[PDB]
Number of protein chains: 2
Amino acid sequence: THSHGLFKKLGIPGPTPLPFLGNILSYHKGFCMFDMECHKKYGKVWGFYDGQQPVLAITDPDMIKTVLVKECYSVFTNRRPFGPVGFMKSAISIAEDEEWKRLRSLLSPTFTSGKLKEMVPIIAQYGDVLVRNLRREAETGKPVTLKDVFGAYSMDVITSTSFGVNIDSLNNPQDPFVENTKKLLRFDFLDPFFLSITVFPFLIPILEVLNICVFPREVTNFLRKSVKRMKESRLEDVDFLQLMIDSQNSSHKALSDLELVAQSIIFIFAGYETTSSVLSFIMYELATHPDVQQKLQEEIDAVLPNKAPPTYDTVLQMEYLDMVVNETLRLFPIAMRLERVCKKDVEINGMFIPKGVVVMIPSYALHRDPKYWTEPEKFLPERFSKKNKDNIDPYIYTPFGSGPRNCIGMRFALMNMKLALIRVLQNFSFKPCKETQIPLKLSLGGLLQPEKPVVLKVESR
Amino acid sequence: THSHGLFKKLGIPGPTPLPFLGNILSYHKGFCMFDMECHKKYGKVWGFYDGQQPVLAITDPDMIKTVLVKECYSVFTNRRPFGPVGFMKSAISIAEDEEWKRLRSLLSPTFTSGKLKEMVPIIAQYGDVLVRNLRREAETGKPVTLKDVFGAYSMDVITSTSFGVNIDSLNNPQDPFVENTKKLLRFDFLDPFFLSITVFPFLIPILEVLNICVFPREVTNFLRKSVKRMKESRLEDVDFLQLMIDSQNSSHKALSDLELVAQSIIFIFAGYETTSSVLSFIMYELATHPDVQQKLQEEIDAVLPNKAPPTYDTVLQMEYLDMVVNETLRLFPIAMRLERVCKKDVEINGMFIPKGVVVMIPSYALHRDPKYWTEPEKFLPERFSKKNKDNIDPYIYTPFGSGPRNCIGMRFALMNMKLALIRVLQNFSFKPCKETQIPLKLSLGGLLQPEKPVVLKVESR
Ligand code: HEM
Ligand code: HEM
Ligand SMILES: O=C(CCc1cccnc1)N[C@H](CS[C@H](Cc1ccccc1)C(=O)NCCc1cccnc1)Cc1ccccc1
Ligand SMILES: O=C(CCc1cccnc1)N[C@H](CS[C@H](Cc1ccccc1)C(=O)NCCc1cccnc1)Cc1ccccc1
């Protein structure tokens with residue numbers, strides 16, 4: 001209990017921390033639930049201890065804007081440290097302060113709406129590959145596991161948009177380029193290893209000296225040379241790698257070759273498990289709400305008659321599609337929490353925040369708060385219609401974060417997912433099976449994933 | 001050899017580092033000598049590795065000013081980290097960045113020339129106590145160990161100028177207030193413990209979690225309550241404690257009670273072993289250069305006839321006294337090195353310095369460089385006469401450092417030592433004994449102290 005008396009001093013409420021452990025025994029239900037209960041017992045602001053690390057939760061919308069936007073560069077610039085990360089210290093999502101601001105500048109033009117429009121015909125091709133692999137499992141006439149057919153598509157989109165490799169991953173389950181990227185899995189921070197790091201942060205330097213890394217030494221070594229091969233095989237003869245190779249031919253130093261590999265890995269990590277997981281939560285909400293699934297299939301047939309191919313402009317045209325995606329992200333925000341490290345002794349919105357405190361925003365707990373959402377746990381896509389979309393505080397619904405450090409690929413991800421939904425709904429309908437978990441139970445761990453894999457019926461239109 | 005390829009890349013020369021150990025095996029001769037040899041083999045700029053920590057030495061005067069003065073706040077603000085320090089993180093000599101700048105502001109008025117003039121009659125009283133204890137060892141007619149009679153005086157000056165306690169330490173060898181302060185000893189950074197920290201910096205966080213501290217848990221606990229007792233016994237009824245208690249009755253927050261204890265300990269640490277050690281090196285240079293000792297005794301008798309008591313104005317009046325003190329500090333600069341941590345990727349005086357590099361200035365090696373000193377190893381106080389004192393680059397001779405982070409007590413220390421020398425030379429002469437080590441050999445460790453304790457003859461005038 002070295003720093004366990006800080007919140008009691010400031011008068012901030014919170015649960016009682018055990019020595020050394022702090023409040024980590026409360027994670028037995030998961031992040032999403034320890035947050036909802038704390039929002040209940042204590043109100044708009046409270047605190048707790050991840051081991052000896054004090055964490056200050058905030059739920060006031062005006063106070064959130066100061067953290068994420070206003071005092072972002074001056075105060076709350078970096079995320080909660082974690083390791084050992086090895087060379088992935090150069091990834092944008094991990095870099096801090098000034099190294100981060102240089103990386104955010106060198107990679108921001110990579111994610112403009114102009115570059116995204118040139119990636120659309122490439123991503124659309126794997127929508128067609130997604131249909132043929134789903135039509136073979138539809139004539140199978142038995143339940144189809146979503147995260148396998150969506151994982152194959154998300155894998156396909158990543159390998160092509162980031163490196164230019166074009167593989168049918170579902171029909172090439174043993175390709176070298178596919179074998180490595182499947183070993184990249186989302187970090188479970190309530191799992192044994194990362195919990196020990198939370199209680200023993202002093203062990204992080206020991207692991208760094210042993211070259212141990214949370215990113216496996218082999219998948220990283222496979223890409224560190226694949227890039228340097230492609231940087232010397234494409235050279236000389238619209239992928240993320242090309243845009244980064246173009247960037248180092250000009251804040252204010254060019255992207256290094258190892259920094260190039262770091263961002264490529266972070267893009268694969270980001271677009272792989274997120275795209276396939278969100279697409280799973282959407283089809284579960286459509287199969288259990290056939291009214292929604294039918295209405296969306298009709299909007300798709302109006303913009304794209306004769307099962308016409310979707311384009312960049314035809315996708316941004318659909319609004320009920322954007323309503324369904326936003327509503328699913330409300331009930332299942334894959335981030336759950338937003339966090340920033342306080343680097344100074346500052347006073348925001350009338351409250352003293354000392355240096356070293358981790359400020360946290362419980363996104364999951366705010367997405368299901370009745371103070372802003374009518375019938376929160378119900379899947380009602382009408383909240384985001386242009387009639388009611390104005391009653392939504394942009395600092396309560398933050399699926400992609402907010403401020404200068406929000407998700408840099410928010411819009412590649414939306415385009416990637418909407419293109420998949422359109423082609424899938426132009427050829428199939430989705431019914432619930434007997435083994436379909438209803439209602440869906442979230443995993444008690446540190447990931448926003450279903451307890452049991454989603455299984456649905458798939459029929460051909 | 002994680003970061004052992006940095007200097008080889010930049011083209012900077014330096015000795016070959018072993019894996020993990022780096023260049024630490026070269027410290028078998030000491031700091032002062034590994035520095036002189038490196039100044040020889042490599043020139044004006046070189047580098048080496050304290051374990052995995054790269055250290056860049058610089059010896060160009062214009063490049064030193066940028067580090068210590070110009071880019072001090074922007075780049076080279078903090079010293080080389082070391083621990084575990086516990087609550088002594090709040091000491092000014094240890095605090096970093098903005099916490100340091102706040103502490104330097106709150107304690108700068110404590111060390112003005114105005115406050116020092118009010119401390120003179122107090123310090124002068126223990127000059128008289130120094131004489132009587134030396135006159136009893138003069139009629140003993142046998143060699144007198146200097147660091148025992150000067151340690152008693154330096155102890156006396158510290159307890160009175162910092163807390164107001166007045167003890168004859170040499171005749172009260174068992175006083176509670178004297179027993180604790182004698183347990184404070186200068187850190188030997190070439191000793192087993194601090195060398196292990198250099199090779200295993202990842203062990204510092206482990207020791208911090210076990211409340212282990214390089215400052216003994218007992219001497220610190222004795223002063224942490226002695227202050228809070230005196231802060232409640234003097235309250236309510238010219239010491240360093242009073243000036244700090246006055247400071248917390250006004251950048252820009254008042255001094256905390258624990259921060260008060262931290263600075264008091266750093267003042268005791270500073271003024272104790274330094275004052276007694278420098279006074280030992282001076283009397284050794286006077287006893288082995290009787291021409292100097294006689295000339296100074298005559299200058300003292302001109303300003304202060306009839307063994308008149310020295311005052312603040314009569315001390316600043318003497319110039320040969322100031323010449324002797326400066327020349328002794330040239331041959332024995334107790335700091336040996338000046339160091340700063342580079343916090344940015346900067347380019348100073350036409351050289352790229354990457355982040356995380358420790359910039360080092362070899363003070364001992366520059367004080368004995370023939371490129372600026374004629375006959376460097378000879379004790380010639382005439383270098384600092386107002387005739388030749390202009391041929392001395394203020395960035396080569398830096399016994400008290402330079403820039404915004406120089407020694408805050410440079411001038412309390414000079415006044416403390418000169419007052420002792422005057423009273424001692426007004427009553428005694430110092431002859432060398434048979435056991436007098438001639439020439440004096442410095443210790444092969446990490447401290448600038450004699451191999452054997454200095455022993456001299458003392459006769460009454
Ligand atoms: C449904 C899909 C996705 C969602 C919901 C999502 C959400 C988020 C959230 C909540 C953050 C943290 C924002 C904050 O801390 O304030 C974030 C950061 C980030 N995301 Fe995403 N993301 C998605 C997909 C992607 C994709 C496909 C990429 C591809 C490059 C990507 C790249 C990044 C990066 C680089 C960051 C860190 C930005 C920085 O630190 O400067 N994300 N995302
Ligand atoms: C012969 C006596 C002394 C000598 C030669 C000496 C020399 C030095 C040197 C070389 C430095 C480092 C400067 C740098 O890093 O640029 C320093 C720092 C310092 N000294 Fe002294 N010193 C002496 C006595 C004292 C005394 C009596 C005090 C009493 C308070 C004191 C207080 C300090 C402090 C607080 C610092 C750190 C300043 C900071 O980090 O802001 N020193 N000294
Ligand atoms: O720091 C923390 C908190 C540490 C902690 C917690 C509790 C206790 N003790 C310590 N967690 C994130 C840093 S690692 C993040 C992990 C990840 C998330 C989703 C999918 C794959 C991988 C990652 O690799 N992201 C790459 C890019 C990406 C991934 C997903 C969506 N968009 C973009 C912070 C973070 C969260 C979300 C998004 C980005 C970063
Ligand atoms: O950081 C370092 C380098 C660490 C390292 C080295 C090698 C390898 N790996 C790591 N060393 C100093 C920080 S501790 C200093 C120690 C000390 C010196 C003299 C007397 C008593 C105590 C201290 O307690 N000083 C208090 C005030 C004082 C003491 C003496 C003279 N004036 C003022 C830096 C420092 C040097 C000199 C002066 C101040 C600070």
# chains A, B, ... in the order shown; residues from 1 in each chain; ligands from 1
>>> select_by_dssp(residues="range 124-197 of chain B", states="helix (DSSP H, G or I)", output="mmCIF file with N, CA and C atoms, in the first residue's frame")
data_model
loop_
_atom_site.group_PDB
_atom_site.id
_atom_site.type_symbol
_atom_site.label_atom_id
_atom_site.label_comp_id
_atom_site.auth_asym_id
_atom_site.auth_seq_id
_atom_site.Cartn_x
_atom_site.Cartn_y
_atom_site.Cartn_z
ATOM 1 N N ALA B 124 31.807 31.165 13.052
ATOM 2 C CA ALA B 124 33.077 31.602 13.618
ATOM 3 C C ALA B 124 33.281 31.077 15.034
ATOM 4 N N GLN B 125 32.195 30.831 15.772
ATOM 5 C CA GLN B 125 32.328 30.332 17.139
ATOM 6 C C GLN B 125 32.978 28.955 17.164
ATOM 7 N N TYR B 126 32.660 28.113 16.183
ATOM 8 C CA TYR B 126 33.242 26.780 16.119
ATOM 9 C C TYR B 126 34.653 26.781 15.557
ATOM 10 N N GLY B 127 35.087 27.883 14.945
ATOM 11 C CA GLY B 127 36.506 28.059 14.698
ATOM 12 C C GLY B 127 37.298 28.131 15.989
ATOM 13 N N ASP B 128 36.749 28.815 16.999
ATOM 14 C CA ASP B 128 37.401 28.872 18.303
ATOM 15 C C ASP B 128 37.434 27.501 18.966
ATOM 16 N N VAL B 129 36.331 26.751 18.874
ATOM 17 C CA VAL B 129 36.300 25.390 19.401
ATOM 18 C C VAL B 129 37.300 24.511 18.663
ATOM 19 N N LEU B 130 37.514 24.775 17.373
ATOM 20 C CA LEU B 130 38.507 24.025 16.615
ATOM 21 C C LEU B 130 39.920 24.283 17.124
ATOM 22 N N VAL B 131 40.190 25.496 17.611
ATOM 23 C CA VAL B 131 41.535 25.835 18.066
ATOM 24 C C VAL B 131 41.859 25.113 19.369
ATOM 25 N N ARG B 132 40.941 25.164 20.338
ATOM 26 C CA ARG B 132 41.205 24.554 21.638
ATOM 27 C C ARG B 132 41.402 23.048 21.516
ATOM 28 N N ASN B 133 40.624 22.396 20.651
ATOM 29 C CA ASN B 133 40.796 20.960 20.455
ATOM 30 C C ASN B 133 42.076 20.648 19.693
ATOM 31 N N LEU B 134 42.567 21.592 18.887
ATOM 32 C CA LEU B 134 43.841 21.392 18.205
ATOM 33 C C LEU B 134 45.019 21.741 19.100
ATOM 34 N N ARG B 135 44.832 22.682 20.023
ATOM 35 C CA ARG B 135 45.924 23.042 20.916
ATOM 36 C C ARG B 135 46.190 21.937 21.927
ATOM 37 N N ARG B 136 45.163 21.180 22.305
ATOM 38 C CA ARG B 136 45.388 20.045 23.187
ATOM 39 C C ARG B 136 46.134 18.917 22.470
ATOM 40 N N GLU B 137 45.913 18.715 21.151
ATOM 41 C CA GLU B 137 46.683 17.742 20.366
ATOM 42 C C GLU B 137 48.028 18.287 19.882
ATOM 43 N N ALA B 138 48.261 19.604 19.987
ATOM 44 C CA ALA B 138 49.583 20.162 19.710
ATOM 45 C C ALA B 138 50.527 19.947 20.886
ATOM 46 N N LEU B 146 43.973 14.739 10.362
ATOM 47 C CA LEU B 146 43.243 15.948 9.982
ATOM 48 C C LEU B 146 41.738 15.705 9.909
ATOM 49 N N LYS B 147 41.317 14.658 9.196
ATOM 50 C CA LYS B 147 39.893 14.440 8.968
ATOM 51 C C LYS B 147 39.121 14.128 10.246
ATOM 52 N N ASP B 148 39.804 13.944 11.374
ATOM 53 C CA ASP B 148 39.130 13.819 12.660
ATOM 54 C C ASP B 148 38.886 15.175 13.312
ATOM 55 N N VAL B 149 39.871 16.075 13.261
ATOM 56 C CA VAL B 149 39.675 17.400 13.839
ATOM 57 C C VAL B 149 38.864 18.290 12.898
ATOM 58 N N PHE B 150 38.982 18.088 11.582
ATOM 59 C CA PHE B 150 38.142 18.817 10.638
ATOM 60 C C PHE B 150 36.748 18.212 10.536
ATOM 61 N N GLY B 151 36.635 16.887 10.656
ATOM 62 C CA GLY B 151 35.321 16.270 10.697
ATOM 63 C C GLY B 151 34.498 16.747 11.878
ATOM 64 N N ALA B 152 35.140 16.907 13.037
ATOM 65 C CA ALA B 152 34.445 17.452 14.198
ATOM 66 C C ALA B 152 33.963 18.872 13.933
ATOM 67 N N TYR B 153 34.817 19.707 13.336
ATOM 68 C CA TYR B 153 34.422 21.078 13.025
ATOM 69 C C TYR B 153 33.324 21.115 11.966
ATOM 70 N N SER B 154 33.469 20.325 10.897
ATOM 71 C CA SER B 154 32.448 20.311 9.852
ATOM 72 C C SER B 154 31.120 19.803 10.398
ATOM 73 N N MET B 155 31.167 18.781 11.255
ATOM 74 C CA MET B 155 29.975 18.340 11.970
ATOM 75 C C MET B 155 29.376 19.473 12.796
ATOM 76 N N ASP B 156 30.222 20.203 13.534
ATOM 77 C CA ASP B 156 29.729 21.307 14.355
ATOM 78 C C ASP B 156 29.038 22.367 13.504
ATOM 79 N N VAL B 157 29.638 22.729 12.367
ATOM 80 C CA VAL B 157 29.073 23.787 11.535
ATOM 81 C C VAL B 157 27.729 23.359 10.958
ATOM 82 N N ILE B 158 27.595 22.079 10.604
ATOM 83 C CA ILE B 158 26.369 21.599 9.968
ATOM 84 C C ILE B 158 25.213 21.583 10.961
ATOM 85 N N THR B 159 25.430 20.998 12.141
ATOM 86 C CA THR B 159 24.356 20.892 13.121
ATOM 87 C C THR B 159 23.832 22.261 13.540
ATOM 88 N N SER B 160 24.684 23.285 13.519
ATOM 89 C CA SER B 160 24.271 24.615 13.947
ATOM 90 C C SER B 160 23.649 25.426 12.816
ATOM 91 N N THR B 161 24.205 25.338 11.605
ATOM 92 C CA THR B 161 23.686 26.120 10.489
ATOM 93 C C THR B 161 22.423 25.526 9.879
ATOM 94 N N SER B 162 22.154 24.243 10.102
ATOM 95 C CA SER B 162 20.991 23.607 9.495
ATOM 96 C C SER B 162 19.848 23.374 10.471
ATOM 97 N N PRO B 176 23.307 11.992 20.755
ATOM 98 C CA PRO B 176 22.354 11.433 19.778
ATOM 99 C C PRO B 176 22.361 12.149 18.439
ATOM 100 N N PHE B 177 22.425 13.482 18.439
ATOM 101 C CA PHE B 177 22.393 14.218 17.180
ATOM 102 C C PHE B 177 23.673 14.019 16.377
ATOM 103 N N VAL B 178 24.779 13.706 17.047
ATOM 104 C CA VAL B 178 26.036 13.468 16.348
ATOM 105 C C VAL B 178 26.157 12.016 15.886
ATOM 106 N N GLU B 179 25.526 11.082 16.600
ATOM 107 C CA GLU B 179 25.668 9.667 16.269
ATOM 108 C C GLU B 179 25.041 9.341 14.916
ATOM 109 N N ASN B 180 23.925 9.992 14.581
ATOM 110 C CA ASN B 180 23.229 9.692 13.333
ATOM 111 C C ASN B 180 23.958 10.275 12.127
ATOM 112 N N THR B 181 24.348 11.549 12.203
ATOM 113 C CA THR B 181 24.960 12.212 11.057
ATOM 114 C C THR B 181 26.295 11.591 10.664
ATOM 115 N N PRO B 192 31.052 -2.496 -4.578
ATOM 116 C CA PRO B 192 30.265 -3.637 -5.091
ATOM 117 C C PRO B 192 28.798 -3.345 -5.379
ATOM 118 N N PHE B 193 28.090 -2.690 -4.455
ATOM 119 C CA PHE B 193 26.651 -2.502 -4.619
ATOM 120 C C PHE B 193 26.336 -1.617 -5.821
ATOM 121 N N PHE B 194 26.922 -0.418 -5.869
ATOM 122 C CA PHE B 194 26.585 0.529 -6.928
ATOM 123 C C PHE B 194 27.109 0.099 -8.292
ATOM 124 N N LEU B 195 28.115 -0.777 -8.340
ATOM 125 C CA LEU B 195 28.521 -1.341 -9.624
ATOM 126 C C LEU B 195 27.495 -2.348 -10.127
ATOM 127 N N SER B 196 26.949 -3.165 -9.223
ATOM 128 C CA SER B 196 25.895 -4.099 -9.602
ATOM 129 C C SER B 196 24.677 -3.362 -10.143
ATOM 130 N N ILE B 197 24.345 -2.217 -9.543
ATOM 131 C CA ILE B 197 23.246 -1.395 -10.038
ATOM 132 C C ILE B 197 23.541 -0.904 -11.450
#
>>> residues_near_ligand(ligand="ligand 3", cutoff="7 Å", atoms="only C-alpha atoms and all ligand atoms", output="list in words")
residues 50, 79, 80, 81, 82, 93, 94, 185, 186, 187, 189, 194, 195, 198, 266, 267, 269, 270, 273, 274, 334, 335 and 407 of chain A
>>> write_last_selection(atoms="N, CA, C and O atoms", output="tab-separated table (two decimals), in the first residue's frame")
chain	number	residue	atom	x	y	z
A	50	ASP	N	-4.83	-0.61	-9.84
A	50	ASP	CA	-4.32	-1.79	-10.54
A	50	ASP	C	-2.95	-2.10	-9.95
A	50	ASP	O	-1.92	-1.61	-10.42
A	79	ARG	N	-0.60	6.52	-23.49
A	79	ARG	CA	-1.45	5.47	-22.97
A	79	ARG	C	-0.77	4.75	-21.81
A	79	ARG	O	0.40	4.96	-21.52
A	80	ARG	N	-1.54	3.89	-21.15
A	80	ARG	CA	-1.01	3.12	-20.03
A	80	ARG	C	0.16	2.26	-20.50
A	80	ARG	O	-0.01	1.45	-21.43
A	81	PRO	N	1.34	2.40	-19.90
A	81	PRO	CA	2.48	1.60	-20.34
A	81	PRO	C	2.23	0.11	-20.12
A	81	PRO	O	1.50	-0.29	-19.22
A	82	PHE	N	2.85	-0.70	-20.97
A	82	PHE	CA	2.79	-2.14	-20.83
A	82	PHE	C	3.92	-2.74	-21.66
A	82	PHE	O	4.36	-2.15	-22.65
A	93	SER	N	0.64	3.16	-31.92
A	93	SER	CA	-0.24	2.94	-30.79
A	93	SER	C	0.51	2.78	-29.48
A	93	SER	O	-0.11	2.83	-28.41
A	94	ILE	N	1.83	2.59	-29.53
A	94	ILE	CA	2.63	2.39	-28.34
A	94	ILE	C	3.58	3.56	-28.06
A	94	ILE	O	3.83	3.87	-26.89
A	185	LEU	N	-2.77	-12.71	-31.88
A	185	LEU	CA	-4.04	-12.76	-31.16
A	185	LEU	C	-4.14	-11.58	-30.21
A	185	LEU	O	-3.13	-11.08	-29.70
A	186	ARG	N	-5.37	-11.14	-29.97
A	186	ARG	CA	-5.62	-9.99	-29.11
A	186	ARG	C	-5.13	-10.27	-27.69
A	186	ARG	O	-5.32	-11.36	-27.15
A	187	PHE	N	-4.49	-9.27	-27.10
A	187	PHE	CA	-3.92	-9.41	-25.76
A	187	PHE	C	-5.04	-9.47	-24.72
A	187	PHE	O	-5.87	-8.55	-24.64
A	189	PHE	N	-5.74	-8.95	-21.16
A	189	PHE	CA	-5.09	-8.29	-20.03
A	189	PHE	C	-5.59	-8.78	-18.68
A	189	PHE	O	-5.03	-8.39	-17.65
A	194	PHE	N	-0.50	-11.10	-18.12
A	194	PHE	CA	-0.66	-9.65	-18.05
A	194	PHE	C	-1.19	-9.18	-16.70
A	194	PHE	O	-1.01	-8.01	-16.35
A	195	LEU	N	-1.83	-10.06	-15.93
A	195	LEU	CA	-2.20	-9.70	-14.56
A	195	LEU	C	-0.97	-9.67	-13.66
A	195	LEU	O	-0.84	-8.78	-12.80
A	198	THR	N	0.70	-6.51	-14.07
A	198	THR	CA	0.01	-5.43	-13.37
A	198	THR	C	0.40	-5.40	-11.89
A	198	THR	O	0.58	-4.33	-11.31
A	266	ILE	N	1.21	-3.43	-36.50
A	266	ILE	CA	0.09	-2.85	-35.76
A	266	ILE	C	-1.15	-2.78	-36.64
A	266	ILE	O	-2.27	-2.90	-36.15
A	267	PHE	N	-0.97	-2.60	-37.95
A	267	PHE	CA	-2.12	-2.60	-38.85
A	267	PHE	C	-2.74	-3.99	-38.96
A	267	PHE	O	-3.96	-4.13	-38.94
A	269	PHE	N	-2.45	-6.45	-36.65
A	269	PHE	CA	-3.09	-6.64	-35.35
A	269	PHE	C	-4.45	-5.94	-35.29
A	269	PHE	O	-5.44	-6.53	-34.84
A	270	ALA	N	-4.51	-4.70	-35.76
A	270	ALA	CA	-5.75	-3.92	-35.65
A	270	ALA	C	-6.85	-4.48	-36.54
A	270	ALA	O	-7.93	-4.83	-36.07
A	273	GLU	N	-8.45	-9.08	-35.96
A	273	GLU	CA	-9.41	-9.58	-34.99
A	273	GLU	C	-10.58	-8.62	-34.80
A	273	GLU	O	-11.67	-9.05	-34.43
A	274	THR	N	-10.37	-7.32	-35.04
A	274	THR	CA	-11.46	-6.36	-34.85
A	274	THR	C	-12.52	-6.51	-35.93
A	274	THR	O	-13.71	-6.62	-35.64
A	334	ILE	N	-15.18	-2.79	-28.82
A	334	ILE	CA	-14.06	-3.71	-28.61
A	334	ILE	C	-12.98	-3.11	-27.71
A	334	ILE	O	-12.14	-3.85	-27.19
A	335	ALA	N	-12.97	-1.80	-27.51
A	335	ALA	CA	-11.97	-1.21	-26.63
A	335	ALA	C	-12.38	-1.25	-25.17
A	335	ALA	O	-11.51	-1.37	-24.29
A	407	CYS	N	-8.73	6.61	-33.13
A	407	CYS	CA	-8.36	5.54	-34.05
A	407	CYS	C	-8.02	6.12	-35.42
A	407	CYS	O	-8.86	6.76	-36.06
>>> residues_near_ligand(ligand="ligand 2", cutoff="6 Å", atoms="only C-alpha atoms and all ligand atoms", output="PyMOL selection string")
chain B and resi 92-93+104+267+270-271+274-275+278+334-335+338+399-402+405-410+412-413
>>> interface_residues(of="chain B", to="chain A", cutoff="6 Å", atoms="only C-alpha atoms", output="PyMOL selection string")
chain B and resi 202+205-206
>>> write_last_selection(atoms="N, CA, C and O atoms", output="mmCIF file, in the first residue's frame")
data_model
loop_
_atom_site.group_PDB
_atom_site.id
_atom_site.type_symbol
_atom_site.label_atom_id
_atom_site.label_comp_id
_atom_site.auth_asym_id
_atom_site.auth_seq_id
_atom_site.Cartn_x
_atom_site.Cartn_y
_atom_site.Cartn_z
ATOM 1 N N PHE B 202 17.889 -2.845 -14.044
ATOM 2 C CA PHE B 202 16.561 -3.420 -13.877
ATOM 3 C C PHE B 202 16.296 -3.896 -12.455
ATOM 4 O O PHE B 202 15.145 -4.204 -12.131
ATOM 5 N N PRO B 205 14.040 -1.126 -9.646
ATOM 6 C CA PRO B 205 12.622 -1.190 -9.258
ATOM 7 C C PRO B 205 12.330 -2.273 -8.234
ATOM 8 O O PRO B 205 11.447 -2.084 -7.387
ATOM 9 N N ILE B 206 13.053 -3.394 -8.273
ATOM 10 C CA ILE B 206 12.828 -4.462 -7.302
ATOM 11 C C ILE B 206 13.178 -3.996 -5.896
ATOM 12 O O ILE B 206 12.456 -4.283 -4.932
#
>>> closest_residue(among="A:296, A:444, A:304, A:116", to="ligand 1", atoms="only C-alpha atoms and all ligand atoms")
A:116
>>> select_by_dssp(residues="range 318-367 of chain B", states="strand (DSSP E)", output="list in words")
residues 337, 338, 339, 340, 341, 342, 346, 347, 352, 353, 358, 359, 360, 361 and 362 of chain B
>>> write_last_selection(atoms="C-alpha atoms", output="PDB file, in the first residue's frame")
ATOM      1  CA  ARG B 337      32.750  14.283 -13.231  1.00  0.00           C
ATOM      2  CA  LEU B 338      29.775  16.388 -14.275  1.00  0.00           C
ATOM      3  CA  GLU B 339      26.915  14.543 -15.957  1.00  0.00           C
ATOM      4  CA  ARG B 340      23.575  15.288 -17.619  1.00  0.00           C
ATOM      5  CA  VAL B 341      20.897  13.060 -19.155  1.00  0.00           C
ATOM      6  CA  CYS B 342      19.952  13.956 -22.732  1.00  0.00           C
ATOM      7  CA  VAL B 346      19.420  17.219 -30.287  1.00  0.00           C
ATOM      8  CA  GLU B 347      22.426  18.490 -32.236  1.00  0.00           C
ATOM      9  CA  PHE B 352      24.187  14.534 -33.165  1.00  0.00           C
ATOM     10  CA  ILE B 353      23.327  13.398 -29.626  1.00  0.00           C
ATOM     11  CA  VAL B 358      24.445  10.431 -20.613  1.00  0.00           C
ATOM     12  CA  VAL B 359      26.657  13.403 -21.462  1.00  0.00           C
ATOM     13  CA  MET B 360      29.695  13.535 -19.178  1.00  0.00           C
ATOM     14  CA  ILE B 361      32.350  16.183 -18.533  1.00  0.00           C
ATOM     15  CA  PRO B 362      35.608  14.808 -17.054  1.00  0.00           C
TER      16      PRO B 362
END
>>> closest_residue(among="B:312, B:287, B:388, B:30", to="residue 188 in chain B", atoms="only C-alpha atoms")
B:30
>>> closest_residue(among="B:447, B:103, B:318, B:210", to="ligand 4", atoms="only C-alpha atoms and all ligand atoms")
B:447
>>> residues_around(residues="residue 343 in chain B", least_positions_apart="3", cutoff="8 Å", atoms="only C-alpha atoms", output="mmCIF file with C-alpha atoms, in the first residue's frame")
data_model
loop_
_atom_site.group_PDB
_atom_site.id
_atom_site.type_symbol
_atom_site.label_atom_id
_atom_site.label_comp_id
_atom_site.auth_asym_id
_atom_site.auth_seq_id
_atom_site.Cartn_x
_atom_site.Cartn_y
_atom_site.Cartn_z
ATOM 1 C CA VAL B 75 17.767 19.242 -23.182
ATOM 2 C CA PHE B 76 20.272 18.446 -20.423
ATOM 3 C CA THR B 77 18.182 19.071 -17.306
ATOM 4 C CA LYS B 355 17.959 10.546 -26.634
ATOM 5 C CA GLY B 356 18.900 8.621 -23.503
#
>>> closest_residue(among="B:348, B:90, B:232, B:403", to="residue 261 in chain B", atoms="only C-alpha atoms")
B:90
>>> residues_around(residues="residue 22 in chain B", least_positions_apart="2", cutoff="12 Å", atoms="only C-alpha atoms", output="JSON, numbers by chain")
{"B": [1, 2, 3, 4, 5, 14, 15, 16, 17, 18, 19, 20, 24, 25, 26, 27, 47, 48, 49, 50, 51, 52, 53, 54, 55, 195, 198, 199, 200]}
>>> atom_distance(atom1="CA of residue 420 in chain B", atom2="CA of residue 320 in chain B")
15.0 Å
>>> atom_distance(atom1="CA of residue 299 in chain A", atom2="CA of residue 118 in chain A")
24.8 Å
>>> residues_around(residues="residue 251 in chain B", least_positions_apart="6", cutoff="8 Å", atoms="only C-alpha atoms", output="list in words")
residues 101, 102, 103, 105 and 106 of chain B
